[PDB]
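Quick notes on the structure that follows.
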Amino acid sequence: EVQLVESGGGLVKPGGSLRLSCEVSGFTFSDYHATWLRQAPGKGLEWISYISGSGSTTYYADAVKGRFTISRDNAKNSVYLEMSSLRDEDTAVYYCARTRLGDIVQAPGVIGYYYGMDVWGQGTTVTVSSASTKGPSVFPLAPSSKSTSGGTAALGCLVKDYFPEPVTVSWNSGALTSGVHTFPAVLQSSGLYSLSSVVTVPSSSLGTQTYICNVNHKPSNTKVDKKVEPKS
Amino acid sequence: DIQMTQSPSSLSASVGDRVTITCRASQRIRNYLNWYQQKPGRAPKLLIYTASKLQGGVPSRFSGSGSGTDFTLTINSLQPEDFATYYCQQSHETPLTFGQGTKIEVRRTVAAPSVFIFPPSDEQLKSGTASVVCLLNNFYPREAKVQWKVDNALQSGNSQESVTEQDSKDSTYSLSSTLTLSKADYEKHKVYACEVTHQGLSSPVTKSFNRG
């Protein structure tokens with residue numbers, strides 16, 4: 001059983017630089033050609049760079065040519081991606097992937113990608129932005145006074161103006177999980193993120209059961225607990 | 001560069017169905033066409049390489065066909081773990097290029113959303129901004145239209161939507177629409193309304209509140 005692990009992702013200002021590493025266990029990386037790819041939030045897969053097992057052949061997507069450099073160190077069983085002149089649109093999860101070997105006859109280094117990528121890492125996240133790390137503000141989405149008697153009510157929390165991703169949200173410290181919907185974050189024009197978490201509960205419980213959303217934003221070491229109750 | 005076109009972009013299916021998805025290359029790529037599976041938050045997995053060869057460990061219900069510019073992936077007898085996004089990728093020349101992806105989602109009966117509207121909290125208004133939230137809860141299919149009206153005036157350009165992934169237990173979707181206004185703008189108007197159009201609703205449903 002083999003393992004491939006990327007590291008080095010982080011937050012970068014526009015124009016900055018970053019170095020990603022790809023380390024493997026269970027096989028000799030130099031026996032395989034390698035690639036870097038990336039996936040921007042909510043978008044598809046984009047190939048970025050290729051390097052032959054020996055390191056003598058390299059190819060690049062136009063989007064990164066002249067800014068990124070792929071390399072490898074066969075003694076350290078690793079592959080690397082050096083990034084410079086980074087731009088906001090370079091924000092993505094970056095994947096290192098090994099190219100599959102041929103079943104009988106081997107593909108030379110200049111065309112070593114013919115048979116696809118058979119082992120991928122779980123990726124490392126790169127965020128390019130001018131925004132500063134900032135914890136969220138948490139506001140109640142209060143259950144409506146018109147909630148149907150003996151029916152279903154909705155309530156939630158608005159988690160606004162934090163950076164960078166991610167935040168996590170629980171309800172009643174984990175005691176409330178059924179009916180919870182925590183939406184994917186949206187990037188606002190301010191460069192800060194926002195999301196809402198909602199839950200549906202019995203209308204008859206609004207008078208008796210306390211509802212609290214627990215928000216954790218590790219990048220800013222911020223934890224917030226917000227009680228959501230009917231507005232007086 | 002070689003452009004890869006997958007069809008359809010989204011597919012609704014049930015367990016046990018035989019599903020086929022197509023991948024067209026803008027120029028000939030011989031048999032150098034690979035298929036990948038990806039689920040949310042995880043790296044893609046190679047399923048088929050060189051158009052029709054099954055990667056070791058991949059269930060035999062997956063098969064691939066084609067050469068040149070026309071390729072197909074077939075999943076015989078779809079299983080719960082097969083609902084995911086599938087990408088084709090040509091590997092005959094650089095840049096390596098992928099199709100836009102095909103998402104296979106679980107088919108279920110039409111379900112209308114439960115609609116809720118939330119006013120901004122007094123706490124937020126002290127910051128000079130007001131957020132108004134409209135929730136569409138547990139509906140199917142994914143397609144829905146949400147329109148904001150303030151004092152019966154249609155709002156444009158000042159709202160953002162977010163949608164959850166398909167629910168694992170009831171196969172529904174949920175959606176939020178957030179209207180963002182300045183404190184001054186919010187306090188200038190009285191009636192705030194969210195009007196929802198969906199296949200499960202015979203007529204659009206409106207939820208509203210009066211400021212104060």
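Convention: chains lettered A, B, ... in structure tokens order; per-chain residue numbering from 1; ligands numbered from 1 as shown.
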Which residues of chain B sit at most 9 Å from chain A, using only C-alpha atoms? Give each one's shortest atom pair and distance in Å (one decimal place), in chain and ascending residue order, as JSON lines.
```
{"residue": "B:32", "atom": "CA", "partner": "A:114", "partner_atom": "CA", "distance": 6.2}
{"residue": "B:33", "atom": "CA", "partner": "A:116", "partner_atom": "CA", "distance": 8.0}
{"residue": "B:34", "atom": "CA", "partner": "A:116", "partner_atom": "CA", "distance": 6.1}
{"residue": "B:35", "atom": "CA", "partner": "A:116", "partner_atom": "CA", "distance": 8.6}
{"residue": "B:41", "atom": "CA", "partner": "A:122", "partner_atom": "CA", "distance": 8.6}
{"residue": "B:42", "atom": "CA", "partner": "A:122", "partner_atom": "CA", "distance": 6.2}
{"residue": "B:43", "atom": "CA", "partner": "A:122", "partner_atom": "CA", "distance": 5.2}
{"residue": "B:44", "atom": "CA", "partner": "A:120", "partner_atom": "CA", "distance": 7.2}
{"residue": "B:45", "atom": "CA", "partner": "A:118", "partner_atom": "CA", "distance": 7.3}
{"residue": "B:46", "atom": "CA", "partner": "A:118", "partner_atom": "CA", "distance": 5.6}
{"residue": "B:47", "atom": "CA", "partner": "A:118", "partner_atom": "CA", "distance": 8.7}
{"residue": "B:48", "atom": "CA", "partner": "A:116", "partner_atom": "CA", "distance": 8.8}
{"residue": "B:49", "atom": "CA", "partner": "A:115", "partner_atom": "CA", "distance": 5.9}
{"residue": "B:50", "atom": "CA", "partner": "A:115", "partner_atom": "CA", "distance": 6.1}
{"residue": "B:55", "atom": "CA", "partner": "A:118", "partner_atom": "CA", "distance": 8.0}
{"residue": "B:87", "atom": "CA", "partner": "A:45", "partner_atom": "CA", "distance": 8.3}
{"residue": "B:89", "atom": "CA", "partner": "A:116", "partner_atom": "CA", "distance": 8.0}
{"residue": "B:90", "atom": "CA", "partner": "A:116", "partner_atom": "CA", "distance": 8.4}
{"residue": "B:91", "atom": "CA", "partner": "A:114", "partner_atom": "CA", "distance": 5.0}
{"residue": "B:92", "atom": "CA", "partner": "A:114", "partner_atom": "CA", "distance": 5.8}
{"residue": "B:93", "atom": "CA", "partner": "A:111", "partner_atom": "CA", "distance": 7.9}
{"residue": "B:94", "atom": "CA", "partner": "A:59", "partner_atom": "CA", "distance": 7.4}
{"residue": "B:95", "atom": "CA", "partner": "A:61", "partner_atom": "CA", "distance": 5.8}
{"residue": "B:96", "atom": "CA", "partner": "A:47", "partner_atom": "CA", "distance": 5.9}
{"residue": "B:97", "atom": "CA", "partner": "A:47", "partner_atom": "CA", "distance": 6.7}
{"residue": "B:98", "atom": "CA", "partner": "A:45", "partner_atom": "CA", "distance": 6.6}
{"residue": "B:99", "atom": "CA", "partner": "A:44", "partner_atom": "CA", "distance": 8.2}
{"residue": "B:100", "atom": "CA", "partner": "A:44", "partner_atom": "CA", "distance": 6.1}
{"residue": "B:101", "atom": "CA", "partner": "A:44", "partner_atom": "CA", "distance": 7.0}
{"residue": "B:116", "atom": "CA", "partner": "A:154", "partner_atom": "CA", "distance": 6.9}
{"residue": "B:117", "atom": "CA", "partner": "A:144", "partner_atom": "CA", "distance": 8.0}
{"residue": "B:118", "atom": "CA", "partner": "A:141", "partner_atom": "CA", "distance": 5.8}
{"residue": "B:119", "atom": "CA", "partner": "A:141", "partner_atom": "CA", "distance": 7.3}
{"residue": "B:120", "atom": "CA", "partner": "A:141", "partner_atom": "CA", "distance": 7.5}
{"residue": "B:121", "atom": "CA", "partner": "A:140", "partner_atom": "CA", "distance": 6.4}
{"residue": "B:123", "atom": "CA", "partner": "A:139", "partner_atom": "CA", "distance": 7.2}
{"residue": "B:124", "atom": "CA", "partner": "A:139", "partner_atom": "CA", "distance": 6.8}
{"residue": "B:131", "atom": "CA", "partner": "A:158", "partner_atom": "CA", "distance": 8.7}
{"residue": "B:133", "atom": "CA", "partner": "A:141", "partner_atom": "CA", "distance": 8.0}
{"residue": "B:135", "atom": "CA", "partner": "A:198", "partner_atom": "CA", "distance": 8.3}
{"residue": "B:137", "atom": "CA", "partner": "A:200", "partner_atom": "CA", "distance": 8.7}
{"residue": "B:160", "atom": "CA", "partner": "A:186", "partner_atom": "CA", "distance": 7.7}
{"residue": "B:161", "atom": "CA", "partner": "A:186", "partner_atom": "CA", "distance": 8.1}
{"residue": "B:162", "atom": "CA", "partner": "A:183", "partner_atom": "CA", "distance": 6.2}
{"residue": "B:163", "atom": "CA", "partner": "A:183", "partner_atom": "CA", "distance": 6.3}
{"residue": "B:164", "atom": "CA", "partner": "A:183", "partner_atom": "CA", "distance": 5.6}
{"residue": "B:165", "atom": "CA", "partner": "A:183", "partner_atom": "CA", "distance": 8.8}
{"residue": "B:174", "atom": "CA", "partner": "A:181", "partner_atom": "CA", "distance": 7.4}
{"residue": "B:175", "atom": "CA", "partner": "A:183", "partner_atom": "CA", "distance": 7.8}
{"residue": "B:176", "atom": "CA", "partner": "A:183", "partner_atom": "CA", "distance": 7.6}
```
**Message:** Please extract the residues of range 23-151 of chain B with a backbone DSSP assignment of alpha helix (DSSP H) and present them as a PyMOL selection string.
**Reply:** chain B and resi 122-125
Keeping only C-alpha atoms, write the selected residues to a file as an mmCIF file, in the first residue's frame.
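So result_36.cif came out as:
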```cif
data_model
loop_
_atom_site.group_PDB
_atom_site.id
_atom_site.type_symbol
_atom_site.label_atom_id
_atom_site.label_comp_id
_atom_site.auth_asym_id
_atom_site.auth_seq_id
_atom_site.Cartn_x
_atom_site.Cartn_y
_atom_site.Cartn_z
ATOM 1 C CA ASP B 122 -30.772 44.310 15.898
ATOM 2 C CA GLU B 123 -27.159 43.434 16.745
ATOM 3 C CA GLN B 124 -26.032 43.481 13.106
ATOM 4 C CA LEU B 125 -27.749 46.799 12.356
#
```
**Item:** Spatial neighbours of residue 86 in chain B, 7 Å, only C-alpha atoms, chain gap at least 5 places, as a PyMOL selection string
**Value:** chain B and resi 35-38+101-103
Let's have the selection written as an mmCIF file, in the first residue's frame, with N, CA, C and O atoms.
```
data_model
loop_
_atom_site.group_PDB
_atom_site.id
_atom_site.type_symbol
_atom_site.label_atom_id
_atom_site.label_comp_id
_atom_site.auth_asym_id
_atom_site.auth_seq_id
_atom_site.Cartn_x
_atom_site.Cartn_y
_atom_site.Cartn_z
ATOM 1 N N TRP B 35 -10.848 8.238 -17.322
ATOM 2 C CA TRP B 35 -12.030 8.626 -16.564
ATOM 3 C C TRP B 35 -11.711 8.619 -15.075
ATOM 4 O O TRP B 35 -11.087 7.679 -14.571
ATOM 5 N N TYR B 36 -12.177 9.650 -14.373
ATOM 6 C CA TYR B 36 -11.958 9.793 -12.940
ATOM 7 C C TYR B 36 -13.281 10.013 -12.227
ATOM 8 O O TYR B 36 -14.216 10.604 -12.774
ATOM 9 N N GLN B 37 -13.339 9.532 -10.991
ATOM 10 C CA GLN B 37 -14.444 9.781 -10.081
ATOM 11 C C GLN B 37 -13.967 10.719 -8.986
ATOM 12 O O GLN B 37 -12.840 10.591 -8.499
ATOM 13 N N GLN B 38 -14.813 11.670 -8.603
ATOM 14 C CA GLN B 38 -14.495 12.533 -7.472
ATOM 15 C C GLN B 38 -15.750 12.774 -6.652
ATOM 16 O O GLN B 38 -16.822 13.034 -7.207
ATOM 17 N N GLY B 101 -17.061 17.787 -16.407
ATOM 18 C CA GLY B 101 -17.566 16.921 -15.363
ATOM 19 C C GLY B 101 -19.035 16.602 -15.553
ATOM 20 O O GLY B 101 -19.816 17.405 -16.077
ATOM 21 N N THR B 102 -19.420 15.403 -15.128
ATOM 22 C CA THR B 102 -20.814 14.979 -15.103
ATOM 23 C C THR B 102 -21.140 14.573 -13.676
ATOM 24 O O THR B 102 -20.474 13.699 -13.112
ATOM 25 N N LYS B 103 -22.138 15.223 -13.089
ATOM 26 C CA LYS B 103 -22.585 14.909 -11.740
ATOM 27 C C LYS B 103 -23.781 13.972 -11.835
ATOM 28 O O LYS B 103 -24.784 14.306 -12.474
#
```
**Item:** For CA of residue 148 in chain B and CA of residue 194 in chain B, the interatomic separation in Å (one decimal)
**Value:**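 Separating CA of residue 148 in chain B from CA of residue 194 in chain B is a distance of 5.0 Å.
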**Message:** Can you pull out the residues contacting residue 28 in chain B? Cut-off 10 Å, using only C-alpha atoms, and skip same-chain residues under 6 positions away; I want them as a ChimeraX atom specification.
**Reply:** /B:2,67-70,90,92
With N, CA, C and O atoms retained, export the selected residues as an mmCIF file, in the first residue's frame.
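Result went into out.cif, see below:
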```
data_model
loop_
_atom_site.group_PDB
_atom_site.id
_atom_site.type_symbol
_atom_site.label_atom_id
_atom_site.label_comp_id
_atom_site.auth_asym_id
_atom_site.auth_seq_id
_atom_site.Cartn_x
_atom_site.Cartn_y
_atom_site.Cartn_z
ATOM 1 N N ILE B 2 -6.679 20.858 -26.722
ATOM 2 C CA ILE B 2 -7.790 19.958 -27.004
ATOM 3 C C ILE B 2 -8.883 20.213 -25.978
ATOM 4 O O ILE B 2 -8.663 20.058 -24.772
ATOM 5 N N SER B 67 -12.496 5.767 -29.214
ATOM 6 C CA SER B 67 -11.195 6.155 -29.740
ATOM 7 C C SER B 67 -11.420 7.343 -30.661
ATOM 8 O O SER B 67 -12.540 7.581 -31.123
ATOM 9 N N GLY B 68 -10.364 8.120 -30.876
ATOM 10 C CA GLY B 68 -10.471 9.254 -31.772
ATOM 11 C C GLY B 68 -11.025 10.467 -31.061
ATOM 12 O O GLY B 68 -10.321 11.112 -30.281
ATOM 13 N N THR B 69 -12.303 10.765 -31.298
ATOM 14 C CA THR B 69 -12.958 11.895 -30.656
ATOM 15 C C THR B 69 -14.188 11.520 -29.837
ATOM 16 O O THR B 69 -14.693 12.377 -29.104
ATOM 17 N N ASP B 70 -14.698 10.293 -29.948
ATOM 18 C CA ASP B 70 -15.942 9.899 -29.294
ATOM 19 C C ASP B 70 -15.668 8.804 -28.271
ATOM 20 O O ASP B 70 -15.193 7.720 -28.629
ATOM 21 N N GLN B 90 -8.157 13.753 -21.616
ATOM 22 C CA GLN B 90 -7.289 13.290 -22.688
ATOM 23 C C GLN B 90 -5.839 13.344 -22.227
ATOM 24 O O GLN B 90 -5.420 14.297 -21.560
ATOM 25 N N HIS B 92 -3.114 12.454 -24.532
ATOM 26 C CA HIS B 92 -2.264 12.276 -25.702
ATOM 27 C C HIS B 92 -1.304 13.433 -25.931
ATOM 28 O O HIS B 92 -0.264 13.232 -26.568
#
```
**Closest of B:29, B:23, B:78, B:13 to residue 65 in chain B - atom-to-atom distances counting only C-alpha atoms** =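 Of B:29, B:23, B:78, B:13, the one nearest residue 65 in chain B is B:23, counting only C-alpha atoms.
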**Item:** Surrounding residues of residue 54 in chain A excluding itself and chain neighbours under 5 positions, 10 Å, only C-alpha atoms, as an NGL selection string
**Value:** :A and (29-33 or 72-74 or 109)
